[PDB]
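Participant: give me coordinates for this.
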Amino acid sequence: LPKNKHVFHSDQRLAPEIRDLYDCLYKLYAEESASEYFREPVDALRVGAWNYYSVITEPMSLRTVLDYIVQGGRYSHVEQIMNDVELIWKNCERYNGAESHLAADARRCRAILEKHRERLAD
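Facilitator: Numbering: from 1, shown residues only. Sure, the structure comes next:
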């Protein structure tokens, strides 16, 4: 699992739509407290979530997405990024149940991201 925190680097070589999504995602990652459990990939075995990797076949976190964006070679379209971001929330509801407060914060993050994007669209 990657060390320390993702360093904000808004790369000018990216498509503008992707750089914009990057900026919104970084804000969610670094600035919104409801994103806490979705920031970094979980060491499932270390935290005693023993069956996590069998329940969740495609793990995902904001860190993972942000690093992919900066590293290149994965994303060519915003819809691809959003596909991975949606995984974060879906994985959460799948493993913790829709009634958990973790799932409540996933849904909050999802809605907040939507608003970040709509705002920058003006």
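
Participant: does residue 39 touch residue 62 like I think?
Facilitator: Yes. Counting by CB atoms under 8 Å, residue 62 is a contact partner of residue 39 at 5.3 Å. For every residue, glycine as well, the C-beta is placed using N, CA and C.

Participant: mutual contacts of the two, please.
Facilitator: Common neighbours of residue 39 and residue 62 (criterion: CB atoms under 8 Å, 6 or more residues apart in numbering): residue 29.

Participant: among those two, which residue is more densely surrounded?
Facilitator: Taking neighbours as other CB atoms under 10 Å, residue 39 and residue 62 compare with residue 62 leading, 23 against 17.

Participant: just the element for the residue nearest to that one when sequence neighbours are not counted, please.
Facilitator: Once flanking residues are discounted, residue 62 sits nearest to residue 29: 4.3 Å by CB to CB, 6 or more residues apart in numbering. Of the helices and strands defined by DSSP states H and E, residue 29 is found in helix 16-31.

Participant: okay, buried residues for the helix or strand just after that helix please.
Facilitator: Using DSSP H and E, the helix or strand that follows helix 16-31 towards the C-terminus is helix 52-55. By neighbour count on 16 or more other CB atoms under 10 Å, the buried set for helix 52-55 is residue 52.

Participant: repeat for stretch 81-101
Facilitator: Those buried within stretch 81-101 under the rule 16+ other CB under 10 Å are 81-82, 84-85, 87-93, 95-96.

Participant: also stretch 36-43?
Facilitator: For stretch 36-43, the buried set under the neighbour-count rule, 16+ other CB under 10 Å, comprises 37-40, 42.
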